[PDB]
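Asker: Let me give you the structure first, and then I'll get to my questions.
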Number of protein chains: 6
Amino acid sequence: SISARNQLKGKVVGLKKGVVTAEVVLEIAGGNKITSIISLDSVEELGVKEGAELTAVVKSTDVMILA
Amino acid sequence: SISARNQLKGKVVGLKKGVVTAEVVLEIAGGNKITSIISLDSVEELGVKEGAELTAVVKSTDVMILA
Amino acid sequence: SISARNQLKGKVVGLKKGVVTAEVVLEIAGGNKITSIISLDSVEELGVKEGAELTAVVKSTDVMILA
Amino acid sequence: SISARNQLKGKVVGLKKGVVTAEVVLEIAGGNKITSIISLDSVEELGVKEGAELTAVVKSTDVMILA
Amino acid sequence: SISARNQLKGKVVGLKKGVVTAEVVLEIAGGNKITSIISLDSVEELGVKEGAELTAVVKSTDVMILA
Amino acid sequence: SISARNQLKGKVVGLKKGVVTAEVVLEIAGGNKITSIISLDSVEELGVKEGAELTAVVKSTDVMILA
Ligand SMILES: [Cl-]
Ligand SMILES: [Cl-]
Ligand SMILES: [Cl-]
Ligand SMILES: [Mg+2]
Ligand SMILES: [Mg+2]
């Protein structure tokens with residue numbers, strides 16, 4: 001278990017690979033979408049591809065509130 | 001509009017105020033919960049309180065992927 | 001209103017687009033310059049281009065102090 | 001020199017100490033204010049105090065753009 | 001497995017609890033120390049305490065380079 | 001001196017340059033490896049290259065704990 005309190009299960013619905021990073025779009029429950037930019041190495045290692053079941057993890061101090 | 005692509009609508013179900021920061025917990029669609037730690041100053045200025053409808057925003061580079 | 005307490009108005013003076021991300025340079029008051037790396041999708045969506053008036057937003061917990 | 005491309009000189013106009021963190025407010029050129037939340041331990045070691053001339057540093061990937 | 005490429009095993013040598021967050025200090029291989037500020041809720045749930053063997057994880061986009 | 005409490009001295013053992021960003025892999029004491037994604041401008045400016053002695057700097061609120 002990791003300290004990051006946001007752990008949202010999702011399915012990949014978009015993937016764009018660059019040279020250093022890749023953009024991963026996950027659909028999570030309720031139809032929300034989360035977009036992640038991570039290293040291309042991690043995409044490759046985790047075998048990220050359309051339909052993959054993965055979890056989006058965000059540290060609490062990175063979540064802003066919009067009112 | 002802001003460049004942060006993740007905007008998750010939610011309702012505050014928990015709030016703990018510290019001296020410098022506060023922890024806000026939002027229930028989002030599908031029952032997922034998002035936890036945010038922001039400055040106490042912002043909580044006050046945005047009038048964040050239990051039950052409030054608000055939106056969590058996260059920059060894509062802050063979203064990690066777990067497999 | 002967003003919780004991020006740093007909101008600096010600026011004008012775009014530099015833009016470099018990659019495949020996933022783009023680098024945006026804003027000149028803010030007093031001659032300071034802020035450089036941002038964000039998703040290319042956002043640049044495109046916000047119509048970022050030289051001279052555009054935009055605001056740089058930074059969460060407090062991301063600001064370091066150098067003495 | 002550090003890779004963080006944003007280095008903004010300023011003067012501390014506010015300081016609030018908590019137990020683990022502290023909020024530092026710096027006035028920068030043009031009157032902009034930058035707000036930083038850092039560890040209390042750092043405030044102590046860098047001798048951060050009201051009126052001190054200090055520099056705020058932000059990594060480019062933490063700067064969002066608002067339009 | 002998670003996309004965050006940096007995973008550093010360590011032993012807790014310091015722990016300071018606040019109301020919202022907690023500061024965890026880990027000694028890692030070679031004697032380097034890593035300092036983490038996470039939510040108090042997580043410290044409790046992961047049962048973080050002095051002497052515990054734990055792993056520090058950091059997303060690559062959060063590591064700055066200083067020369 | 002900078003407020004970020006993690007300052008890990010290391011040597012570059014991997015470098016991959018993209019158009020906006022670059023991935024830098026540093027070996028630090030004890031054989032630990034740190035991977036950083038930073039702006040290509042900074043890579044160029046700091047003259048990052050294999051064997052360079054540099055320091056990985058991470059803010060405490062970016063360090064997660066895995067148990
Ligand atoms: Cl967290
Ligand atoms: Cl903030
Ligand atoms: Cl820090
Ligand atoms: Mg952060
Ligand atoms: Mg970040």
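Residue numbering restarts at 1 for every chain of the structure tokens, chains are lettered A, B, ... in their displayed order, and ligands are numbered from 1 as they appear.
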Could you write out as an MDAnalysis selection string the residues of chain F within 8 Å of chain E, counting only C-alpha atoms?
Answerer: chainID F and resid 5:6 8 29:38 46 53:67
Asker: Superimpose chain B on chain E so that the squared distances between all in-order C-alpha pairs are minimised, and send the result as a compact mmCIF listing (two decimals) with N, CA and C atoms, in the first residue's frame.
Answerer:
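Below is the file that was written, superposed_7.txt:
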```
# COMPACT_ATOMS: atom_id res chain seq x y z
N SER B 1 2.56 -2.87 -9.79
CA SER B 1 3.69 -1.91 -10.05
C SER B 1 3.12 -0.56 -10.47
N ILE B 2 3.83 0.51 -10.08
CA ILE B 2 3.42 1.89 -10.31
C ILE B 2 4.39 2.57 -11.27
N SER B 3 3.89 3.56 -12.00
CA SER B 3 4.71 4.25 -12.98
C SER B 3 5.85 5.07 -12.36
N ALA B 4 5.75 5.44 -11.09
CA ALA B 4 6.80 6.25 -10.46
C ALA B 4 8.08 5.43 -10.43
N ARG B 5 9.07 5.88 -11.19
CA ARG B 5 10.28 5.07 -11.40
C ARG B 5 11.25 5.07 -10.17
N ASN B 6 11.12 6.02 -9.25
CA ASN B 6 12.07 6.10 -8.17
C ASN B 6 11.48 5.38 -6.96
N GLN B 7 12.14 4.31 -6.50
CA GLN B 7 11.69 3.52 -5.34
C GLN B 7 12.90 3.25 -4.48
N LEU B 8 13.01 3.96 -3.36
CA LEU B 8 14.21 3.99 -2.52
C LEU B 8 13.83 3.36 -1.20
N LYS B 9 14.41 2.20 -0.95
CA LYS B 9 14.19 1.49 0.31
C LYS B 9 14.86 2.18 1.48
N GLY B 10 14.17 2.24 2.61
CA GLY B 10 14.75 2.97 3.71
C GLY B 10 14.18 2.58 5.04
N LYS B 11 14.73 3.18 6.09
CA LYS B 11 14.25 2.89 7.45
C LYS B 11 13.89 4.23 8.08
N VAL B 12 12.76 4.29 8.78
CA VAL B 12 12.36 5.55 9.36
C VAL B 12 13.26 5.91 10.53
N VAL B 13 13.84 7.10 10.45
CA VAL B 13 14.66 7.58 11.54
C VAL B 13 14.04 8.80 12.17
N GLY B 14 12.94 9.29 11.60
CA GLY B 14 12.31 10.43 12.27
C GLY B 14 10.86 10.50 11.86
N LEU B 15 10.00 10.96 12.78
CA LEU B 15 8.57 11.10 12.45
C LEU B 15 8.03 12.18 13.33
N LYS B 16 7.44 13.17 12.69
CA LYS B 16 6.81 14.26 13.41
C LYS B 16 5.37 14.34 12.90
N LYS B 17 4.39 14.19 13.79
CA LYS B 17 2.98 14.19 13.38
C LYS B 17 2.37 15.57 13.62
N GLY B 18 1.67 16.05 12.61
CA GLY B 18 0.94 17.30 12.75
C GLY B 18 -0.56 16.92 12.83
N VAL B 19 -1.43 17.84 12.44
CA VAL B 19 -2.87 17.60 12.48
C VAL B 19 -3.36 17.05 11.15
N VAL B 20 -2.82 17.59 10.06
CA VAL B 20 -3.23 17.17 8.73
C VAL B 20 -2.15 16.31 8.08
N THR B 21 -0.87 16.67 8.33
CA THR B 21 0.22 15.98 7.67
C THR B 21 1.20 15.46 8.73
N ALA B 22 2.20 14.73 8.27
CA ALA B 22 3.27 14.25 9.15
C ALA B 22 4.52 14.23 8.31
N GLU B 23 5.65 14.37 8.97
CA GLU B 23 6.92 14.38 8.27
C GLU B 23 7.64 13.10 8.62
N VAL B 24 8.03 12.37 7.58
CA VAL B 24 8.67 11.09 7.82
C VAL B 24 10.10 11.22 7.29
N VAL B 25 11.09 10.83 8.08
CA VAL B 25 12.46 10.87 7.56
C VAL B 25 12.98 9.41 7.48
N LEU B 26 13.53 9.05 6.32
CA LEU B 26 13.97 7.69 6.05
C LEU B 26 15.45 7.74 5.76
N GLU B 27 16.20 6.86 6.41
CA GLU B 27 17.59 6.71 6.00
C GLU B 27 17.62 5.67 4.87
N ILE B 28 18.30 5.99 3.76
CA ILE B 28 18.39 5.04 2.66
C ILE B 28 19.85 4.56 2.50
N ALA B 29 20.07 3.68 1.54
CA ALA B 29 21.39 3.09 1.32
C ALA B 29 22.43 4.18 1.18
N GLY B 30 23.60 3.97 1.79
CA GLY B 30 24.65 4.97 1.69
C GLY B 30 24.52 6.09 2.71
N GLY B 31 23.51 6.00 3.55
CA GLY B 31 23.34 6.99 4.59
C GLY B 31 22.55 8.23 4.18
N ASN B 32 22.22 8.35 2.89
CA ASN B 32 21.39 9.45 2.37
C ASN B 32 20.06 9.45 3.21
N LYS B 33 19.47 10.62 3.43
CA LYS B 33 18.17 10.69 4.11
C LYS B 33 17.16 11.30 3.15
N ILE B 34 15.95 10.77 3.18
CA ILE B 34 14.83 11.21 2.36
C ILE B 34 13.80 11.72 3.34
N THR B 35 13.22 12.87 3.05
CA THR B 35 12.19 13.44 3.91
C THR B 35 10.91 13.50 3.12
N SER B 36 9.84 13.01 3.72
CA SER B 36 8.54 12.92 3.11
C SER B 36 7.51 13.66 3.98
N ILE B 37 6.62 14.44 3.36
CA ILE B 37 5.48 14.99 4.10
C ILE B 37 4.24 14.40 3.45
N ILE B 38 3.49 13.60 4.22
CA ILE B 38 2.30 12.94 3.73
C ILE B 38 1.14 13.19 4.69
N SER B 39 -0.03 12.68 4.39
CA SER B 39 -1.15 13.01 5.28
C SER B 39 -1.03 12.19 6.56
N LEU B 40 -1.50 12.77 7.66
CA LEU B 40 -1.46 12.04 8.92
C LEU B 40 -2.26 10.74 8.74
N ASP B 41 -3.31 10.79 7.92
CA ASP B 41 -4.18 9.63 7.69
C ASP B 41 -3.40 8.43 7.17
N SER B 42 -2.55 8.68 6.20
CA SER B 42 -1.71 7.63 5.67
C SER B 42 -0.69 7.12 6.67
N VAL B 43 -0.12 8.01 7.47
CA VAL B 43 0.86 7.53 8.44
C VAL B 43 0.19 6.49 9.33
N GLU B 44 -1.02 6.82 9.76
CA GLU B 44 -1.76 5.95 10.66
C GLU B 44 -2.12 4.64 9.99
N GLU B 45 -2.68 4.76 8.78
CA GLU B 45 -3.10 3.56 8.06
C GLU B 45 -1.97 2.65 7.63
N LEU B 46 -0.81 3.23 7.30
CA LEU B 46 0.31 2.41 6.91
C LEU B 46 1.08 1.99 8.13
N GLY B 47 0.66 2.47 9.30
CA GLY B 47 1.36 2.18 10.54
C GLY B 47 2.81 2.63 10.45
N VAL B 48 3.10 3.81 9.87
CA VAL B 48 4.48 4.33 9.84
C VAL B 48 4.96 4.66 11.27
N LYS B 49 6.17 4.21 11.64
CA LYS B 49 6.72 4.43 13.00
C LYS B 49 8.21 4.37 12.92
N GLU B 50 8.88 4.93 13.93
CA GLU B 50 10.34 4.92 13.95
C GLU B 50 10.85 3.52 13.86
N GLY B 51 11.86 3.32 13.01
CA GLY B 51 12.44 2.00 12.76
C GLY B 51 11.81 1.18 11.65
N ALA B 52 10.63 1.59 11.18
CA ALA B 52 9.97 0.78 10.17
C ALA B 52 10.73 0.77 8.84
N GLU B 53 10.73 -0.36 8.14
CA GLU B 53 11.37 -0.46 6.84
C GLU B 53 10.33 -0.14 5.81
N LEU B 54 10.55 0.87 4.98
CA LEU B 54 9.51 1.30 4.06
C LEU B 54 10.21 1.83 2.80
N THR B 55 9.41 2.18 1.79
CA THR B 55 10.08 2.57 0.55
C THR B 55 9.59 3.97 0.14
N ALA B 56 10.48 4.87 -0.26
CA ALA B 56 10.07 6.19 -0.72
C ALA B 56 9.89 6.13 -2.23
N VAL B 57 8.84 6.77 -2.72
CA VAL B 57 8.54 6.68 -4.15
C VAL B 57 8.34 8.12 -4.63
N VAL B 58 8.96 8.42 -5.76
CA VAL B 58 8.83 9.79 -6.27
C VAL B 58 8.64 9.69 -7.80
N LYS B 59 7.69 10.48 -8.32
CA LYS B 59 7.46 10.49 -9.74
C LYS B 59 8.61 11.19 -10.42
N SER B 60 9.05 10.72 -11.60
CA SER B 60 10.20 11.38 -12.22
C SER B 60 10.08 12.86 -12.54
N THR B 61 8.90 13.30 -12.94
CA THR B 61 8.65 14.71 -13.18
C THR B 61 8.78 15.60 -11.94
N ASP B 62 8.91 15.01 -10.74
CA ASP B 62 9.11 15.80 -9.53
C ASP B 62 10.59 15.89 -9.13
N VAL B 63 11.47 15.28 -9.90
CA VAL B 63 12.87 15.34 -9.51
C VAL B 63 13.59 16.41 -10.28
N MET B 64 14.11 17.41 -9.59
CA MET B 64 14.85 18.47 -10.24
C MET B 64 16.31 18.10 -10.25
N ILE B 65 17.10 18.74 -11.11
CA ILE B 65 18.51 18.43 -11.16
C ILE B 65 19.28 19.70 -10.78
N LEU B 66 20.24 19.59 -9.88
CA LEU B 66 21.07 20.72 -9.45
C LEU B 66 22.51 20.47 -9.89
N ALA B 67 23.19 21.50 -10.39
CA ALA B 67 24.58 21.32 -10.80
C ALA B 67 25.50 22.13 -9.93
```
Asker: Assign secondary structure with DSSP using the backbone only, and return the residues of chain F in helix (DSSP H, G or I) as a PyMOL selection string.
Answerer: chain F and resi 29-31+40-46+60-62
